[PDB]
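Novice: This is run.pdb, which holds PDB, C-alpha atoms (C1' of nucleotides) and all ligand atoms:
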```pdb
MODEL        1
ATOM      1  CA  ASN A   1     -22.472 -37.827 -62.272
ATOM      2  CA  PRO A   2     -23.511 -35.016 -64.602
ATOM      3  CA  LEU A   3     -21.566 -31.806 -64.047
ATOM      4  CA  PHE A   4     -23.982 -31.344 -61.129
ATOM      5  CA  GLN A   5     -22.293 -33.797 -58.726
ATOM      6  CA  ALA A   6     -23.097 -33.843 -54.975
ATOM      7  CA  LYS A   7     -21.003 -31.982 -52.388
ATOM      8  CA  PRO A   8     -21.620 -33.276 -48.805
ATOM      9  CA  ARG A   9     -21.326 -31.252 -45.556
ATOM     10  CA  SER A  10     -20.269 -32.525 -42.090
ATOM     11  CA  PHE A  11     -21.751 -30.811 -39.025
ATOM     12  CA  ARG A  12     -20.180 -33.000 -36.365
ATOM     13  CA  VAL A  13     -17.997 -30.929 -34.037
ATOM     14  CA  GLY A  14     -14.757 -29.684 -35.514
ATOM     15  CA  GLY A  15     -16.084 -29.860 -39.011
ATOM     16  CA  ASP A  16     -17.708 -27.560 -41.544
ATOM     17  CA  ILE A  17     -19.494 -24.459 -40.365
ATOM     18  CA  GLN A  18     -22.599 -25.152 -38.378
ATOM     19  CA  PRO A  19     -25.823 -24.214 -40.256
ATOM     20  CA  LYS A  20     -28.819 -22.151 -39.196
ATOM     21  CA  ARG A  21     -31.099 -24.058 -36.868
ATOM     22  CA  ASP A  22     -34.133 -23.281 -34.780
ATOM     23  CA  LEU A  23     -32.942 -21.536 -31.673
ATOM     24  CA  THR A  24     -36.401 -20.530 -30.454
ATOM     25  CA  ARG A  25     -36.045 -22.033 -27.052
ATOM     26  CA  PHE A  26     -32.683 -20.466 -26.438
ATOM     27  CA  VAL A  27     -33.760 -16.940 -27.432
ATOM     28  CA  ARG A  28     -33.369 -13.878 -25.234
ATOM     29  CA  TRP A  29     -36.746 -12.403 -24.501
ATOM     30  CA  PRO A  30     -37.783  -9.104 -22.814
ATOM     31  CA  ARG A  31     -38.951  -9.175 -19.209
ATOM     32  CA  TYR A  32     -42.647  -9.202 -19.988
ATOM     33  CA  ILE A  33     -42.833 -12.524 -21.775
TER      34      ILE A  33
ATOM     35  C1'   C B   1     -17.458 -48.677 -27.489
ATOM     36  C1'   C B   2     -14.123 -46.012 -30.815
ATOM     37  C1'   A B   3     -13.590 -42.867 -35.422
ATOM     38  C1'   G B   4     -15.801 -39.989 -39.980
ATOM     39  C1'   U B   5     -11.198 -32.385 -37.418
ATOM     40  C1'   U B   6      -3.616 -34.458 -35.240
ATOM     41  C1'   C B   7       2.857 -34.786 -39.206
ATOM     42  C1'   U B   8       2.009 -29.878 -41.841
ATOM     43  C1'   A B   9       1.826 -21.232 -38.347
ATOM     44  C1'   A B  10      -3.101 -22.696 -45.470
ATOM     45  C1'   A B  11      -8.578 -23.112 -47.249
ATOM     46  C1'   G B  12     -13.341 -23.840 -45.435
ATOM     47  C1'   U B  13     -19.412 -17.842 -45.692
ATOM     48  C1'   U B  14     -24.233 -16.030 -49.894
ATOM     49  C1'   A B  15     -23.575 -24.054 -50.768
ATOM     50  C1'   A B  16     -23.836 -29.187 -53.475
ATOM     51  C1'   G B  17     -27.032 -33.286 -53.790
ATOM     52  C1'   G B  18     -31.575 -36.032 -53.253
ATOM     53  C1'   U B  19     -37.600 -36.016 -53.460
ATOM     54  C1'   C B  20     -42.075 -33.366 -55.485
ATOM     55  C1'   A B  21     -44.399 -29.515 -58.420
ATOM     56  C1'   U B  22     -44.603 -25.486 -61.219
ATOM     57  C1'   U B  23     -41.866 -23.208 -64.326
ATOM     58  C1'   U B  24     -37.705 -24.559 -67.652
ATOM     59  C1'   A B  25     -35.617 -20.728 -63.773
ATOM     60  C1'   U B  26     -30.008 -21.122 -58.500
ATOM     61  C1'   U B  27     -38.624 -20.473 -59.820
ATOM     62  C1'   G B  28     -41.906 -23.057 -55.950
ATOM     63  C1'   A B  29     -42.281 -27.011 -51.768
ATOM     64  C1'   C B  30     -40.102 -30.706 -48.790
ATOM     65  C1'   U B  31     -35.255 -32.824 -47.330
ATOM     66  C1'   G B  32     -30.354 -32.170 -47.037
ATOM     67  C1'   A B  33     -29.020 -30.355 -40.839
ATOM     68  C1'   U B  34     -33.936 -36.838 -36.223
ATOM     69  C1'   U B  35     -37.715 -36.186 -32.121
ATOM     70  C1'   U B  36     -39.958 -34.519 -27.674
ATOM     71  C1'   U B  37     -39.680 -30.612 -23.608
ATOM     72  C1'   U B  38     -44.748 -24.273 -20.494
ATOM     73  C1'   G B  39     -36.292 -24.336 -17.023
ATOM     74  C1'   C B  40     -30.431 -19.906 -22.005
ATOM     75  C1'   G B  41     -26.320 -22.800 -18.963
ATOM     76  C1'   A B  42     -24.046 -24.071 -14.618
ATOM     77  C1'   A B  43     -23.245 -23.815  -8.842
ATOM     78  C1'   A B  44     -25.505 -23.650  -4.123
ATOM     79  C1'   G B  45     -30.788 -24.005  -1.784
ATOM     80  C1'   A B  46     -34.763 -22.916   2.360
ATOM     81  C1'   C B  47     -28.522 -22.968   3.871
ATOM     82  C1'   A B  48     -26.781 -18.618   2.880
ATOM     83  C1'   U B  49     -28.297 -13.445   2.389
ATOM     84  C1'   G B  50     -31.418  -9.187   4.064
ATOM     85  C1'   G B  51     -34.572  -6.976   8.190
ATOM     86  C1'   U B  52     -35.227  -5.910  13.934
ATOM     87  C1'   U B  53     -33.808  -7.182  18.489
ATOM     88  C1'   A B  54     -29.908  -9.530  22.309
ATOM     89  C1'   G B  55     -24.840 -10.496  24.345
ATOM     90  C1'   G B  56     -19.852  -9.925  23.266
ATOM     91  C1'   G B  57     -15.782  -6.882  20.828
ATOM     92  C1'   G B  58     -14.131  -2.041  19.500
ATOM     93  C1'   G B  59      -8.381   4.548  21.324
ATOM     94  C1'   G B  60     -10.095   2.800  14.415
ATOM     95  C1'   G B  61     -13.378   7.078  16.059
ATOM     96  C1'   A B  62     -16.381  10.917  19.193
ATOM     97  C1'   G B  63     -17.013  13.715  23.937
ATOM     98  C1'   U B  64     -14.945  14.986  28.278
ATOM     99  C1'   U B  65     -12.357  14.953  32.896
ATOM    100  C1'   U B  66      -7.452  14.567  34.869
ATOM    101  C1'   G B  67      -9.157  18.898  43.420
ATOM    102  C1'   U B  68      -7.001  22.401  46.933
ATOM    103  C1'   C B  69      -3.465  24.208  50.225
ATOM    104  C1'   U B  70       1.684  25.338  48.864
ATOM    105  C1'   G B  71       7.723  30.893  51.304
ATOM    106  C1'   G B  72       7.081  29.887  42.394
ATOM    107  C1'   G B  73       5.273  25.156  40.594
ATOM    108  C1'   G B  74       6.574  19.881  40.948
ATOM    109  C1'   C B  75       8.291  15.610  44.217
ATOM    110  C1'   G B  76       7.091  15.439  49.542
ATOM    111  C1'   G B  77       3.409  16.681  53.485
ATOM    112  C1'   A B  78      -1.798  17.723  54.992
ATOM    113  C1'   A B  79      -1.456  23.269  58.961
ATOM    114  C1'   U B  80      -7.978  19.391  53.880
ATOM    115  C1'   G B  81     -12.742  16.978  58.564
ATOM    116  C1'   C B  82     -12.060  16.512  64.097
TER     117        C B  82
HETATM  118 MG    MG C   1     -23.765  -4.003  19.332
HETATM  119 MG    MG C   2      -9.492  10.469  22.572
HETATM  120 MG    MG C   3      -0.983  19.288  64.430
ENDMDL
END
```
Now, as a test, write the supplied structure out as structure tokens.

Specialist:
Amino acid sequence: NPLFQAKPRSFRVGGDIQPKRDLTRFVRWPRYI
RNA sequence: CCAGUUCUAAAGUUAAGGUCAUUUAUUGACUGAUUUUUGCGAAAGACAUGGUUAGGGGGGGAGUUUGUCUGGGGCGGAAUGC
């Protein structure tokens, strides 16, 4: 509407570039933990 | 259930936008990009694998042996024991 108009992004496969998400479970951790 | 990327040797990153505050600045906070989960993912699973024993197999490889007499030695024969 104003010069500020919305610009969508599609994260379904084969689409725009995936964003940063919480990978905590999938992290590589040193032996000890 | 299907699709939100199939004519096209391109472009696709420090983002938009919404909601709420401050502050009037790409400032702050949520959302934009759902949730839960004391297995990154998959394949086998007490099987395989490893350990020690037991029976096979093994000139690939090690070691060694392969009598004596003897008209040279060998082939033959024993005048090798009686
Ligand atoms: Mg054996
Ligand atoms: Mg030999
Ligand atoms: Mg005789």

Novice: With all atoms listed in the file considered, list every residue of chain B at most 8 Å from chain A, as a PDB file with C-alpha atoms (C1' of nucleotides), in the frame of the given file.

Specialist:
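Wrote iface.pdb, looks like this:
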```pdb
ATOM      1  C1'   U B   5     -11.198 -32.385 -37.418  1.00  0.00           C
ATOM      2  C1'   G B  12     -13.341 -23.840 -45.435  1.00  0.00           C
ATOM      3  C1'   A B  16     -23.836 -29.187 -53.475  1.00  0.00           C
ATOM      4  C1'   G B  17     -27.032 -33.286 -53.790  1.00  0.00           C
ATOM      5  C1'   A B  33     -29.020 -30.355 -40.839  1.00  0.00           C
ATOM      6  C1'   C B  40     -30.431 -19.906 -22.005  1.00  0.00           C
TER       7        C B  40
END
```

Novice: Name the residues that the PyMOL selection byres (((not hetatm)) within 12 of (chain C and resi 3)) picks from the file above, as number ranges by chain, using the file's chain letters and numbers.

Specialist: B: 78-79, 82

Novice: Kindly compile the residues surrounding ligand MG 1 (chain C) within 9 Å, counting all atoms listed in the file, and format them as an MDAnalysis selection string.

Specialist: chainID B and resid 54:57

Novice: Hey, which residues sit close to ligand MG 2 (chain C)? Say within 12 Å, counting all atoms listed in the file, and write them as a ChimeraX atom specification.

Specialist: /B:59-65

Novice: What is the CA of residue 1 (chain A)-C1' of residue 24 (chain B) distance in Å, reported with one decimal?

Specialist: 20.9 Å

Novice: Could you jot down the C1' of residue 15 (chain B) to CA of residue 24 (chain A) separation for me, Å, one decimal place?

Specialist: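 Distance reported for this atom pair: 24.3 Å.
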
Novice: What is the distance, in Å and to one decimal place, between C1' of residue 30 (chain B) and CA of residue 23 (chain A)?

Specialist: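 These two atoms are separated by 20.7 Å.
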
Novice: Could you write region 1-32 of chain A as a PDB file, keeping the file's coordinate frame, with N, CA and C atoms rebuilt where they are missing?

Specialist:
```pdb
ATOM      1  N   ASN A   1     -22.270 -37.197 -60.967  1.00  0.00           N
ATOM      2  CA  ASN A   1     -22.472 -37.827 -62.272  1.00  0.00           C
ATOM      3  C   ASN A   1     -22.493 -36.789 -63.414  1.00  0.00           C
ATOM      4  N   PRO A   2     -23.646 -36.131 -63.663  1.00  0.00           N
ATOM      5  CA  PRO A   2     -23.511 -35.016 -64.602  1.00  0.00           C
ATOM      6  C   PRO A   2     -22.583 -33.992 -63.964  1.00  0.00           C
ATOM      7  N   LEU A   3     -22.434 -32.839 -64.589  1.00  0.00           N
ATOM      8  CA  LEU A   3     -21.566 -31.806 -64.047  1.00  0.00           C
ATOM      9  C   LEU A   3     -22.077 -31.290 -62.704  1.00  0.00           C
ATOM     10  N   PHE A   4     -23.238 -31.798 -62.304  1.00  0.00           N
ATOM     11  CA  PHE A   4     -23.982 -31.344 -61.129  1.00  0.00           C
ATOM     12  C   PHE A   4     -23.649 -32.064 -59.812  1.00  0.00           C
ATOM     13  N   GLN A   5     -22.575 -32.838 -59.798  1.00  0.00           N
ATOM     14  CA  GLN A   5     -22.293 -33.797 -58.726  1.00  0.00           C
ATOM     15  C   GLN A   5     -22.403 -33.269 -57.286  1.00  0.00           C
ATOM     16  N   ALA A   6     -22.843 -34.151 -56.388  1.00  0.00           N
ATOM     17  CA  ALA A   6     -23.097 -33.843 -54.975  1.00  0.00           C
ATOM     18  C   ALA A   6     -21.871 -33.461 -54.145  1.00  0.00           C
ATOM     19  N   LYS A   7     -22.059 -32.488 -53.260  1.00  0.00           N
ATOM     20  CA  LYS A   7     -21.003 -31.982 -52.388  1.00  0.00           C
ATOM     21  C   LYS A   7     -21.454 -31.956 -50.927  1.00  0.00           C
ATOM     22  N   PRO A   8     -21.148 -33.015 -50.176  1.00  0.00           N
ATOM     23  CA  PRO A   8     -21.620 -33.276 -48.805  1.00  0.00           C
ATOM     24  C   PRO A   8     -21.179 -32.205 -47.807  1.00  0.00           C
ATOM     25  N   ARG A   9     -21.813 -32.127 -46.637  1.00  0.00           N
ATOM     26  CA  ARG A   9     -21.326 -31.252 -45.556  1.00  0.00           C
ATOM     27  C   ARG A   9     -21.432 -31.905 -44.168  1.00  0.00           C
ATOM     28  N   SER A  10     -20.344 -31.862 -43.395  1.00  0.00           N
ATOM     29  CA  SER A  10     -20.269 -32.525 -42.090  1.00  0.00           C
ATOM     30  C   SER A  10     -20.379 -31.580 -40.900  1.00  0.00           C
ATOM     31  N   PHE A  11     -21.457 -31.716 -40.138  1.00  0.00           N
ATOM     32  CA  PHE A  11     -21.751 -30.811 -39.025  1.00  0.00           C
ATOM     33  C   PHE A  11     -21.364 -31.329 -37.654  1.00  0.00           C
ATOM     34  N   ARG A  12     -20.739 -32.499 -37.612  1.00  0.00           N
ATOM     35  CA  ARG A  12     -20.180 -33.000 -36.365  1.00  0.00           C
ATOM     36  C   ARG A  12     -19.097 -32.023 -35.928  1.00  0.00           C
ATOM     37  N   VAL A  13     -18.892 -31.922 -34.621  1.00  0.00           N
ATOM     38  CA  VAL A  13     -17.997 -30.929 -34.037  1.00  0.00           C
ATOM     39  C   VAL A  13     -16.643 -30.930 -34.701  1.00  0.00           C
ATOM     40  N   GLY A  14     -16.070 -29.747 -34.901  1.00  0.00           N
ATOM     41  CA  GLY A  14     -14.757 -29.684 -35.514  1.00  0.00           C
ATOM     42  C   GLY A  14     -14.820 -30.122 -36.956  1.00  0.00           C
ATOM     43  N   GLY A  15     -15.580 -29.386 -37.744  1.00  0.00           N
ATOM     44  CA  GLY A  15     -16.084 -29.860 -39.011  1.00  0.00           C
ATOM     45  C   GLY A  15     -16.449 -28.622 -39.789  1.00  0.00           C
ATOM     46  N   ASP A  16     -17.317 -28.737 -40.787  1.00  0.00           N
ATOM     47  CA  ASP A  16     -17.708 -27.560 -41.544  1.00  0.00           C
ATOM     48  C   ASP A  16     -18.533 -26.664 -40.651  1.00  0.00           C
ATOM     49  N   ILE A  17     -18.896 -25.503 -41.177  1.00  0.00           N
ATOM     50  CA  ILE A  17     -19.494 -24.459 -40.365  1.00  0.00           C
ATOM     51  C   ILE A  17     -20.929 -24.771 -40.045  1.00  0.00           C
ATOM     52  N   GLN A  18     -21.252 -24.803 -38.769  1.00  0.00           N
ATOM     53  CA  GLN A  18     -22.599 -25.152 -38.378  1.00  0.00           C
ATOM     54  C   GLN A  18     -23.572 -24.299 -39.188  1.00  0.00           C
ATOM     55  N   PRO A  19     -24.777 -24.840 -39.450  1.00  0.00           N
ATOM     56  CA  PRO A  19     -25.823 -24.214 -40.256  1.00  0.00           C
ATOM     57  C   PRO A  19     -26.821 -23.500 -39.364  1.00  0.00           C
ATOM     58  N   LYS A  20     -27.811 -22.855 -39.969  1.00  0.00           N
ATOM     59  CA  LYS A  20     -28.819 -22.151 -39.196  1.00  0.00           C
ATOM     60  C   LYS A  20     -29.837 -23.155 -38.721  1.00  0.00           C
ATOM     61  N   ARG A  21     -30.156 -23.118 -37.437  1.00  0.00           N
ATOM     62  CA  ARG A  21     -31.099 -24.058 -36.868  1.00  0.00           C
ATOM     63  C   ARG A  21     -32.098 -23.296 -36.011  1.00  0.00           C
ATOM     64  N   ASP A  22     -33.095 -23.987 -35.485  1.00  0.00           N
ATOM     65  CA  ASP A  22     -34.133 -23.281 -34.780  1.00  0.00           C
ATOM     66  C   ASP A  22     -33.755 -23.134 -33.330  1.00  0.00           C
ATOM     67  N   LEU A  23     -33.478 -21.891 -32.979  1.00  0.00           N
ATOM     68  CA  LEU A  23     -32.942 -21.536 -31.673  1.00  0.00           C
ATOM     69  C   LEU A  23     -34.027 -21.081 -30.701  1.00  0.00           C
ATOM     70  N   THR A  24     -35.284 -21.184 -31.128  1.00  0.00           N
ATOM     71  CA  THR A  24     -36.401 -20.530 -30.454  1.00  0.00           C
ATOM     72  C   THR A  24     -36.362 -20.674 -28.949  1.00  0.00           C
ATOM     73  N   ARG A  25     -35.995 -21.833 -28.474  1.00  0.00           N
ATOM     74  CA  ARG A  25     -36.045 -22.033 -27.052  1.00  0.00           C
ATOM     75  C   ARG A  25     -34.980 -21.225 -26.326  1.00  0.00           C
ATOM     76  N   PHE A  26     -33.870 -21.047 -27.014  1.00  0.00           N
ATOM     77  CA  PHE A  26     -32.683 -20.466 -26.438  1.00  0.00           C
ATOM     78  C   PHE A  26     -32.636 -18.955 -26.611  1.00  0.00           C
ATOM     79  N   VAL A  27     -33.711 -18.376 -27.144  1.00  0.00           N
ATOM     80  CA  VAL A  27     -33.760 -16.940 -27.432  1.00  0.00           C
ATOM     81  C   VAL A  27     -33.788 -16.069 -26.189  1.00  0.00           C
ATOM     82  N   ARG A  28     -33.247 -14.858 -26.305  1.00  0.00           N
ATOM     83  CA  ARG A  28     -33.369 -13.878 -25.234  1.00  0.00           C
ATOM     84  C   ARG A  28     -34.617 -13.062 -25.425  1.00  0.00           C
ATOM     85  N   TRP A  29     -35.461 -13.073 -24.409  1.00  0.00           N
ATOM     86  CA  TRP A  29     -36.746 -12.403 -24.501  1.00  0.00           C
ATOM     87  C   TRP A  29     -36.895 -11.328 -23.419  1.00  0.00           C
ATOM     88  N   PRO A  30     -37.549 -10.207 -23.750  1.00  0.00           N
ATOM     89  CA  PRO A  30     -37.783  -9.104 -22.814  1.00  0.00           C
ATOM     90  C   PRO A  30     -38.538  -9.527 -21.570  1.00  0.00           C
ATOM     91  N   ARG A  31     -38.421  -8.756 -20.496  1.00  0.00           N
ATOM     92  CA  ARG A  31     -38.951  -9.175 -19.209  1.00  0.00           C
ATOM     93  C   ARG A  31     -40.350  -9.724 -19.370  1.00  0.00           C
ATOM     94  N   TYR A  32     -41.209  -8.957 -20.038  1.00  0.00           N
ATOM     95  CA  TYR A  32     -42.647  -9.202 -19.988  1.00  0.00           C
ATOM     96  C   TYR A  32     -43.030 -10.636 -20.317  1.00  0.00           C
TER      97      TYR A  32
END
```
